[PDB]
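**Student:** my sequence and its experimental structure, below.
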Amino acid sequence: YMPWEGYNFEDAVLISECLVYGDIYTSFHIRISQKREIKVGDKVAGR
Amino acid sequence: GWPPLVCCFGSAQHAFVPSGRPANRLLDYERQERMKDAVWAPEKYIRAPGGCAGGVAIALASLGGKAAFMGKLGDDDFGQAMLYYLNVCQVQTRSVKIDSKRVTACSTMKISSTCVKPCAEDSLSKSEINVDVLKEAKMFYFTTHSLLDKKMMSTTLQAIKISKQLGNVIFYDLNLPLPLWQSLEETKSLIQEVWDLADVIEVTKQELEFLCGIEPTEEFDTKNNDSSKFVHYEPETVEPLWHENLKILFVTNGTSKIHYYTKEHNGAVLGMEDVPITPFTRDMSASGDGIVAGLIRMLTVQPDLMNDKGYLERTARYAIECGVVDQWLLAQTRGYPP
Amino acid sequence: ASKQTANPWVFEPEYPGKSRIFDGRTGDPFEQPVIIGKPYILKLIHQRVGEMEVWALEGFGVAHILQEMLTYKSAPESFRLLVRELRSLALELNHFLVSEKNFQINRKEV
Amino acid sequence: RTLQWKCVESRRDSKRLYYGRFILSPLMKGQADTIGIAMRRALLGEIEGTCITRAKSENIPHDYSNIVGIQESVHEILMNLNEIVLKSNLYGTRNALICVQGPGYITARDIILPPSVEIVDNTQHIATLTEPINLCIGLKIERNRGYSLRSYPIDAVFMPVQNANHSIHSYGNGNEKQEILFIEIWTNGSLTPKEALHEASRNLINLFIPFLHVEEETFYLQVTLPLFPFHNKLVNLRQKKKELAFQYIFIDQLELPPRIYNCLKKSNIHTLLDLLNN
Amino acid sequence: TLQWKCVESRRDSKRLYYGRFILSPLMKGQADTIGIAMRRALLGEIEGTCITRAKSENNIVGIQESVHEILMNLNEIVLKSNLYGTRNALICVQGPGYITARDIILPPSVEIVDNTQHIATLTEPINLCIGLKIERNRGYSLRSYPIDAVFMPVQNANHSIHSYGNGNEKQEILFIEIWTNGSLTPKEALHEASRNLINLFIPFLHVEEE
Amino acid sequence: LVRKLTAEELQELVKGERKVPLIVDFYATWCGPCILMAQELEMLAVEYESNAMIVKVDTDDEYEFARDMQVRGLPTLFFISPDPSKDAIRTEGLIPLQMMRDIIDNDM
Amino acid sequence: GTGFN
Amino acid sequence: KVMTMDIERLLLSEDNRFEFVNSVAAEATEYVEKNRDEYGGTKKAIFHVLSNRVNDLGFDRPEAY
Amino acid sequence: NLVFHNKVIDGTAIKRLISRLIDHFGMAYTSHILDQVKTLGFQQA
Amino acid sequence: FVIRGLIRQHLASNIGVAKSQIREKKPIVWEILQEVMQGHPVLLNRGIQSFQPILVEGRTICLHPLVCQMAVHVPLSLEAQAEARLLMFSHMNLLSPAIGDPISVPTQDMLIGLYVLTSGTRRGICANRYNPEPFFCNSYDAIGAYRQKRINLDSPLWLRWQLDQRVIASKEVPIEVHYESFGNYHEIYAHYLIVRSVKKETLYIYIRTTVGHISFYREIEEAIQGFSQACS
Amino acid sequence: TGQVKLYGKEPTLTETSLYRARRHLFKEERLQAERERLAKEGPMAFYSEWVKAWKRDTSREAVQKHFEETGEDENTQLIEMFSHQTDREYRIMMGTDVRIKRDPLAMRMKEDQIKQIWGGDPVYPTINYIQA
């Protein structure tokens, strides 16, 4: 938890590319399925 | 005006390599060299001393020194190409007496072995030395290649004695040409006349061994860094050659190790030679040109420390770095064959 | 966790739970300790022109944008509907405009 | 040497996790951090790695469906292939096979690699076969850096340096304030820590050497030798009898006296085209 | 292939030279690493030269400036040299009149960048020699007043990165900006920084004898 | 195309009768630019094959001939004339291929 | 606003 | 970047912001009537009007800056 | 133009500063000054 | 407008061909879309304010933090585009009209960043354990010494305030003055020093300050200069 | 450690509030005493605190007397000493990193003292919370 150069302004969040590497937040959405990775503009929350 | 100009005397023909000798390189054969077969290495490591004096001028200009190349190119297309190449490399060619009566690279007659009508670069005359350049040229660089033709010998000795009268430092780099390794007594009979006049000398470790007559009592291609390969010959091995003027002799085993000697100090700096080797750069010549240019740069830009072991260490290190950087650039530009 | 792993930065007694951390683009430490953790993070699941926008646009006087947003972006046909439904209530919503030059009472197309 | 480095420690916690700590000592103040950060970024980002990038199950029931007689889904085996570690030095595109023809465990040791690739850990489990199926799958391998985005693509990442750290300590010279740098590297066994340190250094040098290449991209009007395009210029001009451009003529080749040449050279007048300045 | 060009150059003062340099094309992520390392090298790995001490063996009478103001105007003297170790320069002026950087007697390898730089004004006929210790040092390194000049041949450096060509390789272009202090040109500073970086990283490729 | 000789075979080739100008290229296995030269004069060979003829001599072990034919370094190449009414140009350094064309077609 | 007149 | 300072300059020049913007709209629609070159790519009639007007103020801005 | 502060920026103090900037320069300068002070704040944060 | 652009470049012969190319989404379509977006404003609607769009990577609309499911609208007519650009920009509306209160004032991280930026020195008891600083001849020397880690952001330093007008004060009389027998004297204050003499004149003010305060002042002065650069 | 004296055996809330106001002064004083101990002892004797496996004499005199035979200068001896440092010892030493500047006292407080930061073991035993 530290204020980076505005990219975490008022609860924006920075993530590492490793969260894309590791499939850490990869979901499957079924319609056929799509391997939705984590992206800019995705929402995350702690409990 | 500052920086002090260095005058580099001799030939400049492109990619001309005067000789090649068995050599040893400081390399981790265990691990990298046995592990990467993607990197290229020669089946026999033969290192060249260096290149043309124009090449050293171009190198020193690239190091930000000021260099004036002294010679003549011909008025033929290759001579104008060389003159452009020198000028775009920021080398001064106010000393190049471009001459329409000569062809540049072509020595024109041999029947067999004949000496008739030599090329432009072989035929600079004593009246074409730009003495007003040698007034400003605080260091004069020349090589044994200037001494093969007796006309070039006479012109060289005149330029040397002019520079001595003007107080210039004489830097003699053998780059011992191919016709000379076959006779030590011939070699000394040729070079002694300038050797006694040289204020600074560069010799490869192989050229030192040759002039000392000591056969290489060491392994070459054996895949180890046994320090007996990189022997630092004791001062009493080189005192034979120490004419009473020489201030600092550098003995270079390429970029692997540069030894230096003076009347009072001697030592060596261990460099590195695991730079990219390629065909088109197999001979390691440009590392030698970069080493010589780095020595010239440091010694010319601080002449008063010609005999300070701290400065000589720094100068040898700087030369090792420049050589590494140059053979690197060369590898990256020349490339790899298909 | 500190003393077992020999990671003394995990429990810095000077400011427990915080540690100094470094800028990956610089290598210098940020000069104040940053709170660090391994929290549990969950990924979450995933045009009316409004009256208060009309009020705002007309507050700016920017009324040609207001006209665009309320007419040709979708008399205007909705005013035709308005007049037609009142006309269906048996009230004549009659639109006139007066010629400044001629005083002629031009009836609008409604 | 005065400036010296050594492999102060190395460990091999697994065939897939090596560790190495290195020291470099008598650095001067501000050298150690300039080294450390550049080396860190080289290790973490500019090291290349080899891994499987594509898979083709030779019989596919459907693009997304389960596979018969395997104790785990196609997705689990694709993830197990993603976790394969490869040791190649040569770039380019390469291919490989698994052809396992009975029940048992398919493992990295069962991958038939091309000559230029080596398995880093033979023991890595890939798939469990309960039935005696002639399971054949093709693989396609690539060497690259970072990440990249019918046969399945594998979302593999080419990053063999698993982590890196450095620490900077006063050497204790009260005047010169020399410093000691420690570097630490965790790698997949695709590289030893020392080999990753060497390749990081060499890649950094390959990034900085460009600024020492022939300056300002301006040497002629790609080519190995640098004086043949101008020779061809001179040849074509002579054939065309087209004289020579003033841009390629330099004041240094004119007869003008030293006292003027010095002043012009100090003025950075070089070509006769610079005498466009009236 | 990787090539660099000088995109812009300026000389907005005799003690402020500006340059901007493009390097292209670069692989994903290389441009920032290059820019960071180069910026650190420029801003403190370049060896620079400046006055490091002054002796005025005679507030001194008849000088208009306070001695502290003399020293602080001496700090603004910009020098370029290839000195090894320290060396002695010497002001010597007999008043009245201006003492300026032109009046520095220089040790052999030193040259003044802006000879018009002020130093002191002598309001009356007096002797003022000043004995100056000069040094060449890296920026990060380190009757006899220290001038504490900060060996800063580069006043500022910056970089930026841009994608180009819209090509799906996403290779990118680096722009480095340098404000050299006039003791170096921007292109010389770029070369010196690159070479000093290579001299820092070569040590990891040093083999040692057995 | 380009043919490695030995000093005795080159001697008999040069003292015998010839139809065409002979180029003899002195090279070594250690030499970098010599490979560039071998490419240049392989282009030369393929463009001249019936009109000029090219051989190469290895100064790592023909070094007595070398030091006998005034070779001051490497690469160096000799354009021996097809007839002895006038004799051999020698050229040193990595010369442009056009500078070989304007020998073989403008000196001969 | 803009449409004053 | 800079063009809005020119806008502010012209806003400062004209005695009614709304009348200024009306005059700009008029100038643009008469431009796009007196000339029927398409003039709709990387440069726009509004910026052209602002450019010509700031050039009348004497300031060295090119058409659509 | 502006006075050197040598004192801490309270929110009221920066409200004063920005208002005085808008009143002195108008929008033209202040819309850039404040947009750069954004970047300054991000940098120092 | 993309169709109109493809007609303008003559890359489509009819609007159906233009729509077909747009469906094909080839790079030409994005080049013409960049040409169309250049200089065309758009309205954003939460609360309704207009901006210049720039074509950006990704898929989610990106907004400036101080201007911050936003809706987006294109003004179609030339009169509307003129009114949008000249009336409806944030540049035109920095004040909230209710009293004339600046809207865009630095807030959230930036304000506390500026607070720390301007916290500066530790004072007195917080700075020395017992009861009992470099001089920089200009601010770029101080910033250089900071970058070279000779001094820290919090640390006190003296800057020669040669712009010796505009000295800030707290209506406080000199905390001390020193007079030399030769009639130079130094006035020392809690924030600055002035050297001046009964002969000659004031030499210089030296302001006691921090790299943080220096940076706060300098970056505003340089923002004014960077804006007024176009006045040339 | 005698750096301070207190009115009683336990620091009052006034004293701890003043420490809260002034701790960075005492921290930088301890770091300065640590730099000065480095300068006096030399790197062998200083850093041997974190190389328990290095049994040899580390004093400057012994480093010199070892250089006078083994040819290894002080730097090669220091590289060897660190070559005997274990990874855990190195991680502990990294508190002395010039960027970390960990408090010399916080590096050397023992467990039974650090425990007093939170006030000893929790009364409800954490084994009730621990899950594999």
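**Tutor:** Right, received. Where do you want to start? Numbering: from 1, shown residues only, chains lettered A, B, ... in the order given.
**Student:** now do the contacts for residue B:120.
**Tutor:** Neighbouring residues of residue B:120 by CB atoms under 8 Å, 6 or more residues apart in numbering or on different chains: B:72, B:73, B:74, B:79, B:99, B:102, B:103, B:104. Every C-beta, even on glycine, is put in place using the N, C-alpha and C of the backbone.
**Student:** mind checking the SS state of whatever residue of the stretch 1-150 of chain D ends up closest to chain I?
**Tutor:** Closest to chain I within the stretch 1-150 of chain D is residue D:37: 18.6 Å, counting by CB to the nearest CB. Secondary structure state of residue D:37, per DSSP: H, G, I helix; E, B strand; the rest coil, is helix.
**Student:** leaving out chain neighbours, which residue sits closest to it?
**Tutor:** Once flanking residues are discounted, residue D:37 sits nearest to residue C:27: 3.4 Å by CB to CB, 6 or more residues apart in numbering or on different chains.
**Student:** so which helix or strand takes in that neighbour?
**Tutor:** Using DSSP states H and E, residue C:27 sits in no helix or strand.
**Student:** picking up where we left off before, could I get the contacts of residue B:120 as a markdown table with secondary structure and neighbour count?
**Tutor:** Shown next, in a markdown table, are the contacts of residue B:120 (DSSP: H, G, I helix; E, B strand; the rest coil; neighbours: other CB atoms under 10 Å in any protein chain shown):
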| residue | secondary structure | neighbour count |
| --- | --- | --- |
| B:72 | coil | 24 |
| B:73 | coil | 27 |
| B:74 | strand | 23 |
| B:79 | helix | 26 |
| B:99 | strand | 19 |
| B:102 | coil | 23 |
| B:103 | coil | 24 |
| B:104 | coil | 28 |
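**Student:** which residues of chain B fall in strands?
**Tutor:** B:5-9, B:21-22, B:46-47, B:66-70, B:106-107, B:137-143, B:169-173, B:200-204, B:248-253, B:257-261, B:266-270 (DSSP state E).
**Student:** same check on chain F?
**Tutor:** Going by DSSP E, chain F shows strands at F:3-4, F:22-27, F:53-58, F:76-80, F:89-92.
**Student:** number of nearby residues for residue 2?
**Tutor:** Chain wasn't specified; assuming chain A. Look at residue A:2: counted by other CB atoms under 10 Å in any protein chain shown, it has 13 neighbours.
**Student:** switch to chain I, please.
**Tutor:** With other CB under 10 Å as criterion, residue I:2 counts 14.
**Student:** list the contacts for residue K:31?
**Tutor:** So residue K:31 contacts K:101, K:103, K:104 (CB under 8 Å, 6+ apart).
**Student:** SS state for it?
**Tutor:** Relying on three-state DSSP, one would call residue K:31 helix.
**Student:** how far away is it from residue K:108?
**Tutor:** 13 Å (CB to CB, to the nearest Å).
**Student:** what does residue B:180 give?
**Tutor:** Residue B:180 is 70 Å from residue K:108, by CB to CB.
**Student:** before we move on, back to that, out of the contacts of residue B:120, who's nearest residue C:7?
**Tutor:** Set against residue C:7, the nearest of the contacts of residue B:120 by CB to CB is residue B:73 (68.4 Å).
**Student:** isn't the closest one up against residue B:83?
**Tutor:** Yes: the pair residue B:73 / residue B:83 is scored as a contact, 5.2 Å apart, by CB atoms under 8 Å.
**Student:** give me every residue in chain H lying close to chain C.
**Tutor:** By CB under 8 Å from any CB of the partner chain, the residues of chain H that approach chain C are H:18, H:25.
**Student:** residue in chain H nearest to chain D?
**Tutor:** residue H:60 (24.4 Å).
**Student:** before we move on, which element is that residue in?
**Tutor:** Assigned by DSSP H and E, residue H:60 falls outside every helix and strand.
**Student:** residues near it, how many?
**Tutor:** So residue H:60, with other CB under 10 Å, has 8 neighbours.
**Student:** any idea how far it is from chain A?
**Tutor:** 35 Å (CB to the nearest CB, to the nearest Å).
**Student:** and the gap between that residue and residue H:1?
**Tutor:** Residue H:60 is 15 Å from residue H:1, by CB to CB.
**Student:** one more: residue J:183?
**Tutor:** Applying CB to CB, the value for residue J:183 to residue H:1 is 54 Å.
**Student:** for residue D:154, same thing?
**Tutor:** The spacing between residue D:154 and residue H:1, counted by CB to CB, is 45 Å.
**Student:** what are the boundaries of the helices in chain C?
**Tutor:** Ranges of helices in chain C, per DSSP state H, are C:2-5, C:51-59, C:63-70, C:77-88.
**Student:** could you do the stretch 101-250 of chain D as well?
**Tutor:** Taking DSSP state H, counting those that start in this stretch as the criterion, the stretch 101-250 of chain D carries its helices at D:193-208, D:228-240.
**Student:** nearest to residue K:18, of those helices?
**Tutor:** Taking those one by one with CB to CB, helix D:193-208 is closest: 48.5 Å.
**Student:** let me know the secondary structure of residue 36.
**Tutor:** Chain wasn't specified; assuming chain A. Residue A:36 ends up coil, using three-state DSSP.
**Student:** go ahead and confirm it touches residue A:20.
**Tutor:** No: using CB under 8 Å, residue A:36 is not in contact with residue A:20; the gap is 11.4 Å.
**Student:** for residue J:206, helix, strand, or coil?
**Tutor:** Going by three-state DSSP: residue J:206 is strand.
**Student:** re earlier: what sits against the residue of the stretch 1-150 of chain D closest to chain I?
**Tutor:** Residue D:37 sits in contact with C:26, C:27, D:166, E:36, E:37, E:40, where contact means CB under 8 Å, 6+ apart.
**Student:** residue B:230: neighbour count?
**Tutor:** 20.
**Student:** brain fart, residue B:166
**Tutor:** 14.
**Student:** may I see the contacts of residue B:120 organised as TSV, with distance to chain H added?
**Tutor:** Output for those, formatted as TSV (distance: CB to the nearest CB, whole Å):
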residue	distance to chain H
B:72	53
B:73	49
B:74	52
B:79	48
B:99	53
B:102	56
B:103	55
B:104	51
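**Student:** out of the residues you listed, what pair is the most spread apart?
**Tutor:** So, the contacts of residue B:120 by CB to CB: farthest apart are B:72 and B:103, at 11.2 Å.
**Student:** just confirm residue H:17 contacts residue J:93, I think it does.
**Tutor:** No: using CB under 8 Å, residue H:17 is not in contact with residue J:93; the gap is 11.8 Å.
**Student:** how close does the residue in the stretch 51-200 of chain D positioned nearest to chain C sit to chain J?
**Tutor:** Going by CB to the nearest CB, chain C is nearest to residue D:166 of the stretch 51-200 of chain D, at 7.8 Å. With the distance defined as CB to the nearest CB, residue D:166 ends up 17 Å from chain J.
**Student:** likewise residue A:18?
**Tutor:** Distance from residue A:18 to chain J, by CB to the nearest CB: 19 Å.
**Student:** so does the longest helix along chain J get close to chain H?
**Tutor:** For chain J, the longest helix by residue count, based on DSSP H, is helix J:211-228. Yes: Helix J:211-228 reaches chain H (CB under 8 Å from any CB) through residue J:227.
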